[PDB]
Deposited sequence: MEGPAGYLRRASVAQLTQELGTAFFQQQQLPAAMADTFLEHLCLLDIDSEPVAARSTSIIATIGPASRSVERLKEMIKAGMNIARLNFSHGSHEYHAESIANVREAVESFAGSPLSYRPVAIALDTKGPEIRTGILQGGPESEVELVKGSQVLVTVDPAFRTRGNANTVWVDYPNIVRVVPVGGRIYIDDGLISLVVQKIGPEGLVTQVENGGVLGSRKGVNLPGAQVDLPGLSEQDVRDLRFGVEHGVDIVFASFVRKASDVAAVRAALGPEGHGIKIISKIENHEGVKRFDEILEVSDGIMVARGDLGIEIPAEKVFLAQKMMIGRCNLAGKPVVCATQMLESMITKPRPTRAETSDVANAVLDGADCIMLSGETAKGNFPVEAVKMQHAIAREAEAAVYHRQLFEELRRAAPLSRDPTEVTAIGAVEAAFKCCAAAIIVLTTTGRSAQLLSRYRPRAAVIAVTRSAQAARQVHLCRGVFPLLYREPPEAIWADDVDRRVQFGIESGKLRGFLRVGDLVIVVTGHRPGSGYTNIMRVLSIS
């Protein structure tokens, strides 16, 4: 009754091949869609109306493509996103995608002006083009300046050198974009999928976010329904491990931007359920390093705990997003509802599959234990309204023990009433 749904029969299988044989097109997905959708802003997606429609449809991250358009053009894109968000809470992160050393018909002086404009306007993420080695990342971090230290740097792997030197690059980036457009020209088209699966693999091991990009629903630029290769490509990117999936032409210039967003939402939700966690969790667990970080250790005990009871959600209190990021690397079925006072952490955490941020805006309660419990209550009332939690559900609550500890090192099992 509960168990027919969200591919639970396939999830119980004892081998991967039996998992595949048990996938069922009548097992409806239950869980909130968790792979986040990045939408490139362009003429088709600049109106505030259009941007609200694309938020109801699932966009979590707006991409600004600095290959086209002036600073004033993009400042207007930024303005319409922020006005769409605050004319409804679903935060939307803003991502600056550097022109990079691009020819059209190292770090340039233009990229550096663009990165400074980005800090000026408070962007949350930089998609850094043509990262070929760790010093390219530093060049970017420098450019951002001490004022842009909270901005995440997702490094775009677009050519052979970046693929070769990937471990070094991942070791200094917050995350990765598999930038398949340039990559499929710079290395042979038939080899991209190997590079994609590898980098998503290595990123899932590292606990850092990975983005699949470019041409996933290409044909919806002119048609209202995608091709079968495209829906496959979305589904497989999620099955591969990706934290984010992206739309470029489909939302920037095409005729069906909202439908494009909706379609990635639909494919993503089905594929999330078809994930074979039992094998996935076991492989992450075996390969990941023993840890003496109380937050890592609470994270994995909390995720384990969530699977044993089919927890509806893990509610985590986080300030920077790190605690939710460590839950998310284990790919819980349960929603990671991350309550934070940082509105920029709330936006950035959309880079991590499965994290649903709540922005909490009350002044601190005099007694810290009362504050913690007030934020947790926020978490639960929100999750009830938004359909995450039903009375009678179990939830795992992850929090800290004392204030300014830096550690979210307490886990509690709890029944929604």
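- Missing from the model, relative to the deposited sequence, are the stretches 1-22, 111-116, 134-231.
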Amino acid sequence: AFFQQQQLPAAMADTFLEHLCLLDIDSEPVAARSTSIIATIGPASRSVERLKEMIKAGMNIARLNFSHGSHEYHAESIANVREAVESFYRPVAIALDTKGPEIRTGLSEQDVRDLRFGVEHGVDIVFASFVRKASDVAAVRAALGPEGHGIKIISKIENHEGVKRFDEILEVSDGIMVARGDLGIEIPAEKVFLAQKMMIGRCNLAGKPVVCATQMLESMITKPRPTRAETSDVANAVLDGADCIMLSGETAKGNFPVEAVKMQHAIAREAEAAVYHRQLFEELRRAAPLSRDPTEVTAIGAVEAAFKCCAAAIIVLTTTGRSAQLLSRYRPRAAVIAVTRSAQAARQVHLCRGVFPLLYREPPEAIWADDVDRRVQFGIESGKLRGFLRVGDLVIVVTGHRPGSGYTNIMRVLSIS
From here on, numbers count along this sequence of modelled residues.
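- In this crystal structure, the stretch out of 45-53 and 362-370 whose C-alpha atoms carry the higher mean B factor is 362-370.
- Relative to its counterpart among 270-278 and 110-118, 110-118 has the higher mean temperature factor, C-alpha atoms as listed in the PDB entry.
- Highest C-alpha temperature factor among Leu284, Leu96, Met199, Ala313, as the PDB entry reports it: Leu284.
- Taking the PDB entry at face value, the top CA B factor among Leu194, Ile157, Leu170, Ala229 belongs to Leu170.
- Ranked against the other modelled residues of its chain, the C-alpha B-factor of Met411 as given in the entry falls in the lowest third.
- For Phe66, the recorded CA B-factor ranks within the middle third of the chain. Only modelled residues enter the ranking.
- Among all modelled residues in this chain, the alpha-carbon of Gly321 has a temperature factor (C-alpha) in the middle third.
- Sort the chain's modelled residues by C-alpha temperature factor and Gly404 lands in the highest third, per the entry.
- Annotation for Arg353: CA B-factor lies in the middle third of the chain's modelled residues.
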